[PDB]
Amino acid sequence: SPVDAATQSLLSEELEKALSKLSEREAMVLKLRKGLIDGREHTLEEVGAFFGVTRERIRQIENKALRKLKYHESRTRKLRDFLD
Amino acid sequence: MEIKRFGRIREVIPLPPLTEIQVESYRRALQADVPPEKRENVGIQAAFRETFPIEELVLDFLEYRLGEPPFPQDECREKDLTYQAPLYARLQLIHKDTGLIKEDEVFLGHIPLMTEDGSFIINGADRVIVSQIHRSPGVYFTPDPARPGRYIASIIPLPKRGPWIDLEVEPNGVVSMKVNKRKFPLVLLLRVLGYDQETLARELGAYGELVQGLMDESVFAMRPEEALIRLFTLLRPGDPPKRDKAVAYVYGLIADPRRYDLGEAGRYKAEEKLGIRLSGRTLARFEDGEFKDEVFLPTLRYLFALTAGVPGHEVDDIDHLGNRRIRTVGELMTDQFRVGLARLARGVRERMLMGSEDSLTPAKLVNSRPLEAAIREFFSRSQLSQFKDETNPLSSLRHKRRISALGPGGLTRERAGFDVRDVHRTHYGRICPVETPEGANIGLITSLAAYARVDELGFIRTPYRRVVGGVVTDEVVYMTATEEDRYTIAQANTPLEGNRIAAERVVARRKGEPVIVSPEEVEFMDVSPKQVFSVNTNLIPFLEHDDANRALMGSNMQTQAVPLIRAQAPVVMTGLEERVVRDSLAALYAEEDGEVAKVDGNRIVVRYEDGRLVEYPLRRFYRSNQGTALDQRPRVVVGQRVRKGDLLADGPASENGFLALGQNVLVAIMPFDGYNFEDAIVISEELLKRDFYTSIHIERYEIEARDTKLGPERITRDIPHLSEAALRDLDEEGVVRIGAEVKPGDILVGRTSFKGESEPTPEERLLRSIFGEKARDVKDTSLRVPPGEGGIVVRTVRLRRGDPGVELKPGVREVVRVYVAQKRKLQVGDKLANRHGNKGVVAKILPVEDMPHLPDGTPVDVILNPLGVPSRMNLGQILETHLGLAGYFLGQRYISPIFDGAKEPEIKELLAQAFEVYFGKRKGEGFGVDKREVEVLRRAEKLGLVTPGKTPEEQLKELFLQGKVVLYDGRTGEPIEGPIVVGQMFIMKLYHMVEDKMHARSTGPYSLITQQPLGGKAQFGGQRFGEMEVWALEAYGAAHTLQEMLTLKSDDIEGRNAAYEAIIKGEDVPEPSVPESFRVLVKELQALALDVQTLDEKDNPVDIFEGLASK
Amino acid sequence: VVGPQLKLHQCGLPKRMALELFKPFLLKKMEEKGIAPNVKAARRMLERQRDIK
Amino acid sequence: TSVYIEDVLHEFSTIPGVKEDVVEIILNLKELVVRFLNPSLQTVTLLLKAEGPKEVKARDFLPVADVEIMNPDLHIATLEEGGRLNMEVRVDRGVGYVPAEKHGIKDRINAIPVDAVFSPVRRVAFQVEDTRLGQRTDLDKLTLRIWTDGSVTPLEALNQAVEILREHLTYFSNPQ
DNA sequence: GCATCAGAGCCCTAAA
DNA sequence: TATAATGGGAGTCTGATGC
RNA sequence: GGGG
């Protein structure tokens, strides 16, 4: 519906406008983990490749990505309403 | 208060039972209370006798019985069940090849039962079967429009029980027969009957050129057998004319008392018209191996003598109510029963030619599915089976007495013309000339007249009193229209002294034609004026003063009156308002004499003389089909002495046993600052304060929890992402608590459903990961209050699977129903009406201080604009107000019968007595005439209203006798410059209320194929901007408004999505793209193998699918 | 319903109708002043009739 | 302004032993005229408990200090052998006509809001008659007839009306 | 001539 | 997969235009 | 089947 189309556009727009205000790069490691229009969810194996670091570390900047996201979120609490 | 009744007409008989057209018809059809051996061959019985015995083995019908209903009526309505009885039939199997006899009683399913008041319960909802008018079977003769001197004889049987026959006499001189649109010379059929040239010459011949023209030599050159084979080839091009095959076809079409049924009414009309006597209901017989004629020769005989001009031969008026008959509930149902029975017979014969010709009983041989389906089909989907109108008791009473000319065996709108819709002279006393729909259906749907009854043959009869010499007896004769035309019938109001006609000249009718006649010539006399009009029309006082077109609206709108909590009977009644409540069965009465033992809100217990203690439970706040509240209230007190037939409880819209469709309000007839404009109505806030025009309404909400391939829906209080504030009024299980105010958006029943492979998107997965909360297994599918609805929760019903007594449709675990009530105060946009067709919507509610008021301080209730009266020509409302003024001060209500009523002098007498109370009080209280009363009197004497040179009291009294009073404007205090009509009027709050009708949509549901908004308020629909609306925008040259209508506001998907996004961002809406329904058109034309190409100016194709449809 | 007090260019429009018809416009304005933090929250407030201030 | 009847969740209920339905009961409570003797008292709550074959009238309300029931003869409910009635009625002072939907007053969860006609004035008429000071003619003799329910008296009403009208004319003081 | 075909006002409600 | 079995059942009125 |  018009509302739904609008919402999906708005969610994607705040999602990228949120990964770059910490850093584009630790947001780049994390962005690779879920995938915006990819659905790039596996686990420990494949992650061997191009993040920039080796392999256990990304499972940490993932926590640090999610943690830095979490603090910054309480201020820009605009994503709360997308929880329906 | 006093009830003063006018009128001198002594009505010799009371109104018949008003629902008898329903009750008597169905009782006759079922004969459940008759011991089988004593049943007459009619209804269900006649159907069985017609279908059986079933030939090859012979299956014969013994008798049927009807069981008791598995569930009572209340239970059926609750559980969405049909109220019905089990039908069984005792059948004996006989082997014609042997001697074997096996007998068993087989279960044929259920048959729906009619309740006491003449309605049905079909799947839990109350229904009415509307009677159907149609052409009576028989033999008719009409003039041939083509040849101004020749005639056509038409033999018409019962619907679906045979072909229509036409006997035109062709230009060549030979008498032709038309059957199933095929024509041939009738002489051939005559030869098949065993006729010889001698019989036709000797029988007829008297007509020089006509009888010889039927004789054709080639046809005579063959015995009756050759003529039968010869005719069959003329009818079935391609079927070999085998002698047994030809006989079978002609027998079934003409002589078979199974495939061809003239009516029982058909038999009487045929015997009577042609002066013959019929051995049965068929046009011919198969007897002693050949065919023997019954009808054809007498019909041919009558036609030739008419073509000539022989005395005793007339054309038939096909709209005459002697030639038009009613098919009542019983007959309609029995036709479908006979059809369902015949289908079952196909099954019997097919099963008797398979699986061992011996090892079969009647129980295995019979499949009742065809019978059950025919009956279930009639009650659910027939056009004559309608959802009951039970807005008020009169609604349903009127519904049951309606007469339709449409439906399965009748006209269509696309197919009905003036002759049928007309008011025939024979409608007099039988069908109401007033009560018919406005619009396309005018004249097709009508209402049974008050004193009319349908006889056993189906013709409507009306009562008349015999007049012998000049003395009027009390013996009443019910006449059909055909029989009425014989006599000279005097009007019901013709003067009488005792039983003698007291006038030298009386007003009478002969064949409907009005004629002045001497008392020596008077054969009969009308019973009453009430007999000419319907029940609704008879409820209109002073009807003789109302133009019929407005009286029509008056009738129909009483049907729409909403039951009010303070409902009152009108101060001016017609005397029918008691009978309507009693026959409606809404009100409760005492069976025998007795004493009232107990009185409760819920029940009344009566101790009779018999000693038995009878408990009458009361229906309390039950929701009718239209959501108006049917609620009964106790009218007696503990220990009250009652006689037989005394009132115990009031039903809805009844006050002490009198029909109460509205309230009696004090009305002023005068313009008021344009709030009165074009039928709008101004009302006083005092009406809401004292709860006038307040009505209770109940809405039903329902929700199912079903098994899905994704897992069970559950009705639960646990709903994802909702605050406890939102769930506050829900019980442990997720249902809203009884006695809560629910408003739009509120949860009624909580429900969860399992998420599709839509299993939350990776965008949503990452969002959910941020808040520590995992996306839940279930989504919130809860039932909520729609926009504009809500009220107090008065009841909840929960039905699960696995609870005693309940099993739902497959897959459905549980069903919850929530009943929500609302008290509706009158508001702006609600519609009011009186009984004379004055109707208007409430446009303004003024505070009591702005309302015009009498000098003594009494403010008026309603202000009606006088501009509604003169073009409409309904003056009865005016007389109603005047007599209503008298009654306000005299403390009385009146019964003024229609056409024998209160007349002007009589109303003036009452008005004078009222002025003394309105004024003499003042002179005694130590107050004299007002200054402003003098000013108005000055202006009134300039109007010729009062006599110049009289005291103010005398002049005010002169005005009061004209029903006009001095009126003060509550705003100024200054008088209205002229005397104004003020009095008591009966006004109803109709079922059309803004609360129900106000609707708006920004965006909402779209249609599957067209991607255009759905329609209707209940779907949250958009308005239709149709062809004519587009034309308006075109004529304005509003190109961008129109384009918005065609794209962004409808099916342009990219456009509607993009426009919404722009508005919430504060940008202007984007230029539209292609409407999706144009793409549908393109693809639909391709499915028809047509290549549709959008081209640019260079004639190169433009791809409006943006690459998606090309490989 | 008749509105005698109206000027020729005017009509009476129920406020509840107007809230739906102009709903997208109303959401943007509810953000611009501040009745709600953003557009999505504003819509949630109009859904329940008692949440309407 | 509000009614709580024991074992009653909403207005569309009905009480065993009572003849009148709750809708009618509240309709009868709307006719109750209750006078406050103490001018500082803005709200009270009347109690009623009745049983047996009695016709409850307005007298049967349990008496409260500084509150007088001006119409103790008003019928409330007809009770029959075994009929039990227990209620708490909240009565308020206010102005004009405030409908039940407007105030929504509930002392407890099951309370039923009631339509309030606050105005004590039942009817107002005024006569204007001719008079003279014997020197001059067409002078006016004004007679104001004032009917009230008794909570306030026709004279007190007239003074409040005049006081309102005077107070209104003050507003013309400060221009712009 | 006679048959065959395609026409026959708009918006809205509720029931299925 | 093997007695033999062999042909079906069912229902208005307009005006314009091509045989 | 109701409404304009």
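Chains as they are written, first to last, in the authors' numbering: chain F, 340 to 423; chain C, 1 to 56, 64 to 1118; chain D, 632 to 684; chain A, 54 to 229. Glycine residues also receive a C-beta, built at the ideal position from the N, C-alpha and C atoms.
Count the other CB atoms within 10 Å of the CB of C/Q45; is the residue buried (16 or more) or exposed (fewer)?
-> As a first step, residue 45 of chain C is located in the second sequence; it is residue number 45 there, counting from the start. C/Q45 is buried by the Cβ-count criterion.
State the Cα-Cα distance for the pair C/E37 and C/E491, rounded to the nearest angstrom.
-> What you label residue 37 of chain C is simply residue 37 of the second sequence in a count that begins at 1. What you label residue 491 of chain C is simply residue 484 of the second sequence in a count that begins at 1. The alpha-carbon atoms of C/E37 and C/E491 are separated by roughly 37 Å.
Output the distance between the C-alpha atoms of C/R945 and C/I987, rounded to the nearest integer angstrom.
-> Locating residue 945 of chain C in the second sequence gives position 938, counting from the first residue. Locating residue 987 of chain C in the second sequence gives position 980, counting from the first residue. Cα to Cα, C/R945 sits roughly 15 Å from C/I987.
What did DSSP end up calling C/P150 once you bin it into helix, strand or coil?
-> The residue given as residue 150 of chain C occupies position 143 in the second sequence. Here C/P150 sits in strand by DSSP.
Distance CB(C/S1084)-CB(C/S1117) smaller than 9 Å = What you label residue 1084 of chain C is simply residue 1077 of the second sequence in a count that begins at 1. What you label residue 1117 of chain C is simply residue 1110 of the second sequence in a count that begins at 1. No, these two residues do not count as a Cβ contact at 9 Å.
Residue range of the unbroken alpha helix (DSSP H) whose run includes C/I1070 | Reading the second sequence from its first residue, position 1063 is the one you call residue 1070 of chain C. Taken as a continuous stretch (DSSP letters only), the alpha helix (DSSP H) holding C/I1070 covers 1060-1072.
Closer than 8 Å, Cβ to Cβ, to anything on chain C: give me those residues from the stretch 99-115 of chain A, in chain order.
-> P106
Measure the C-alpha to C-alpha separation of F/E385 and F/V368 and round it to an integer number of angstroms.
-> On the first sequence, position 46 is the one that residue 385 of chain F refers to. On the first sequence, position 29 is the one that residue 368 of chain F refers to. If you take the alpha carbons of F/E385 and F/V368, they lie about 13 Å apart.
Residue-level contact to chain A via CB, residue 61 of chain C, 9 Å cutoff = No coordinates exist for residue 61 of chain C in the structure shown, because the numbering of chain C passes directly from 56 to 64.
Looking at chain A, which residues of the stretch 779-804 of chain C have a Cβ within less than 7 Å of any of its Cβ atoms?
-> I799, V801
Determine the extent of the alpha helix (DSSP H) in which residue 63 of chain C is found, giving its start and end residues.
-> Between 56 and 64, chain C has no modelled residues, and residue 63 of chain C is one of the positions in that gap.
Between which two residues does the beta strand (DSSP E) carrying C/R614 extend?
-> Indexing the second sequence from 1 puts residue 614 of chain C at position 607. Looking at the DSSP string, the run of the beta strand (DSSP E) that includes C/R614 is 610-615.
Within its chain, find whatever has a CB closer than 7 Å to the CB of A/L94; leave out the 5 residues flanking it on each side and keep chain order.
-> If you number the fourth sequence from 1, residue 94 of chain A lands on position 41. Hits under 7 Å: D119.
If you measure from the beta carbon of C/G752 to each beta carbon in chain F, is any gap under 9 Å?
-> On the second sequence, residue 752 of chain C is found 745 positions in, with the first residue counted as 1. No - not a single Cβ of chain F is within 9 Å of the one on C/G752.
Residues bridged to C/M184 by DSSP?
-> In the second sequence, the residue the question calls residue 184 of chain C occupies position 177. C/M184 pairs with C/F191.
Which of helix, strand or coil DSSP assigns to C/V588 | For this step, residue 588 of chain C is matched to residue 581 along the second sequence. DSSP places C/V588 in helix when its eight states are reduced to three.
Cβ-Cβ distance between C/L1053 and C/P1079 below 9 Å = Within the second sequence, residue 1053 of chain C is the residue found at index 1046, counting from 1. Within the second sequence, residue 1079 of chain C is the residue found at index 1072, counting from 1. The answer is yes: Cβ separation under 9 Å.
When you compare only the Cα positions, how much space is there between C/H552 and C/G287?
-> Stepping through the second sequence from its first residue, residue 552 of chain C is reached at position 545. Stepping through the second sequence from its first residue, residue 287 of chain C is reached at position 280. Distance between the alpha carbons of C/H552 and C/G287: 52 Å.
Starting from the beta carbon of C/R772, find every residue of chain F whose beta carbon is closer than 9 Å, and list them in chain order.
-> On the second sequence, position 765 is the one that residue 772 of chain C refers to. Within 9 Å Cβ-Cβ: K373, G378, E380.
Under 9 Å Cβ-Cβ, which residues of chain C neighbour F/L422?
-> For the purposes of this step, residue 422 of chain F is identified with residue 83 of the first sequence, where counting begins at 1. By Cβ distance, chain C contributes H728, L774, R775, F778, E780.
Proximity of C/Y623 and C/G601 at Cβ, strictly below 9 Å = Looking up residue 623 of chain C in the second sequence gives position 616. Looking up residue 601 of chain C in the second sequence gives position 594. Cβ distance not < 9 Å, so C/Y623 and C/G601 don't count as in contact.
List the whole-angstrom C-beta distance separating residue 1155 of chain C from C/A687, where the pair is believed to meet the contact cut-off of C-beta under 8 Å.
-> Only positions 1 to 1118 of chain C appear in this structure, which leaves residue 1155 of chain C out of reach.
Could you say which of C/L197, C/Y26, C/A1096 lies nearest to C/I118 if we only look at CA atoms?
-> The count along the second sequence starts at 1 and reaches residue 118 of chain C at position 111. Checked all of C/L197, C/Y26, C/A1096; the closest Cα to C/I118 is C/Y26.
For C/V613 and chain D, any beta-carbon pair shorter than 9 Å?
-> Within the second sequence, residue 613 of chain C is the residue found at index 606, counting from 1. No, because no Cβ of chain D sits closer than 9 Å to the Cβ of C/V613.
Name the chain F residues whose beta carbon is nearer than 8 Å to that of C/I1071?
-> By one-based count along the second sequence, residue 1071 of chain C stands at place 1064. Here the neighbours are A345.
Select from the stretch 658-672 of chain D all residues with a C-beta closer than 8 Å to any C-beta belonging to chain F, and list them in chain order.
-> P668, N669, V670, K671, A672
Grab the span of the alpha helix (DSSP H) containing C/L1095 for me, first residue to last.
-> Sequence index remark: in the second sequence, residue 1095 of chain C carries index 1088 (1-based). That residue, C/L1095, is in no alpha helix (DSSP H); it is neither H nor E in DSSP.
Who are C/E70's beta bridge partners in DSSP?
-> In the second sequence, residue 70 of chain C corresponds to position 63, counting from 1. According to DSSP, which records beta bridges pairwise, C/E70 is partnered with C/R97.
Would you kindly work out how many angstroms separate the C-alpha atoms of C/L195 and C/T289, rounded to a whole number?
-> Your numbering for residue 195 of chain C matches position 188 in the second sequence. Your numbering for residue 289 of chain C matches position 282 in the second sequence. Their backbone Cα atoms lie some 19 Å apart in a straight line.
Have a look at C/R157 and C/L174 and give me their C-alpha separation to the nearest angstrom.
-> As a working mapping, residue 157 of chain C is identified with position 150 in the second sequence. As a working mapping, residue 174 of chain C is identified with position 167 in the second sequence. Those two C-alpha atoms are separated by around 11 Å.
Tell me, please, which residues DSSP counts as bridged to A/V181.
-> Here residue 181 of chain A corresponds to residue number 128 of the fourth sequence, with the count starting at 1. Paired residues: A/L195.
Is DSSP giving C/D133 helix, strand or coil here?
-> For the purposes of this step, residue 133 of chain C is taken as the residue at position 126 of the second sequence. Note: C/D133 maps to strand in three-state DSSP.
Presumed contact (8 Å Cβ cut-off) between C/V674 and C/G990, rounded CB distance | Counted from its first residue, the second sequence places residue 674 of chain C at position 667. Counted from its first residue, the second sequence places residue 990 of chain C at position 983. Indeed they touch by this definition, with Cβ atoms about 6 Å apart.
Sheet register partners of C/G990 (DSSP bridge) = The residue labelled residue 990 of chain C in the question sits at position 983 within the second sequence. Partner(s): C/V674.
Just mark C/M560 as buried or exposed, buried being the case when its beta carbon has 16 or more other beta carbons within 10 Å.
-> Position 553 of the second sequence, counted from the first residue, corresponds to residue 560 of chain C. The residue in question, C/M560, is buried, as its Cβ has 16 or more Cβ neighbours within 10 Å.
Using a Cβ-Cβ cut-off of 9 Å, state whether A/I68 counts as contacting chain C.
-> Sequence index remark: in the fourth sequence, residue 68 of chain A carries index 15 (1-based). Yes, contact with chain C.
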